[PDB]
Each structure stands twice: as C-alpha cells, then as structure tokens.
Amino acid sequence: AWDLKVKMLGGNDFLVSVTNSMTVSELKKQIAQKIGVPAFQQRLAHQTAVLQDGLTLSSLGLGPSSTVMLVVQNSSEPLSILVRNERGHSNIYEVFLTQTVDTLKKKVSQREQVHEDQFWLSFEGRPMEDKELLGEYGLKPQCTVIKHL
C-alpha cells in the first residue's frame, strides 16, 4: 500500500493509503473516511479527465507522485433505479442520491396510486428511512429497490 495526494476544489488537500489495483470507487470510500464526504457526493478527476468508479489507480497511471482533484457536489446528478413492487414487476425511477428516501416514496406514491404510509422500501435487505438520503444506502444505476406492503 502507498499514499495518494487528494486536493479538494475550493477545499483542503490531504493524503490517503491506496493500492495499485484499488478502484476509484474504493478510493472515494477512503476519501469519505478521511474527510466525511459521502462517496456519492464525490467526483474525482486526474488532469481534466473525470474518473470512472471502476477504473484501477494503476490503469490510470497513478503513483506516489500523482495528484487527484476532488469536487464535492452539493446537489448530485440523476441516475435510474428499479423499484420492484409486491406484484413482482420492476419499474424505472429517476433519483438524485442527495434526495431523501421520502422523495422516492412520494414518486412511488403518485405513480402507483398508494399512500406513503401504506408501503416501505428496502435495498439489499435493509429498510430505507424516510429522512435519510438515498445515497447512504449505496444505490447504484439499475440497482433494485424493493417495495413492501
């Protein structure tokens, strides 16, 4: 393991312990532990190129000498998820990970003609709480959220 310099735009610089085979996705998690920015609010760039979460640091030509930029996003960007209901059908919903679980239940509510208090949502077996942000449950593009009656 070796250390990498991270510079936050309009922010502080700092280092993180990293590996060559480590992914940008894991790096963001290291950054979150260091400065508390949730991974889903982090956009990383190296030399004006925005980094894809699946890329490995070595594949990107990173070493102890490199420096990566961090841009923190107050409001995040849209992604699609699947919400599979009691009937077993999955429909596409659009969310921002910085939105609350609540905004999603309201979308489900309006669209599927049900009251918010008549169902609840889970992701990977974990129940989703109305006031928490969707990102905190590790939602990713086309992941499946389950709707329970």
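So that there is no doubt, residue numbering starts at 1 and follows the sequence shown.
Trainee: Mean CA B-factor: is it higher for 17-25 or for 132-140?
Mentor: It is 17-25 that shows the higher mean C-alpha B-factor.
Trainee: Where do the C-alpha atoms have the higher mean temperature factor in this entry, in 113-121 or in 89-97?
Mentor: Averaging CA B-factors over each stretch, the winner is 113-121.
Trainee: Take the CA temperature factors straight from the PDB entry and tell me which of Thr103, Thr67, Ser80, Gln41 peaks.
Mentor: It is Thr67.
Trainee: How does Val108 rank on Cα B-factor within its chain, lowest, middle or highest third?
Mentor: Its C-alpha B-factor, which the entry lists for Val108, ranks in the middle third among residues of this chain.
Trainee: How does the C-alpha B factor of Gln47 compare with the rest of the chain: lowest, middle or highest third?
Mentor: CA B-factor rank for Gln47: highest third.
Trainee: According to the PDB entry, is the CA B factor of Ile31 in the bottom, middle or top third of its chain, that is, lowest, middle or highest?
Mentor: Lowest third.
Trainee: State the tercile, meaning the lowest, middle or highest third, of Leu57 with respect to the CA B-factors recorded for its chain.
Mentor: Its C-alpha B-factor, which the entry lists for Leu57, ranks in the middle third among residues of this chain.
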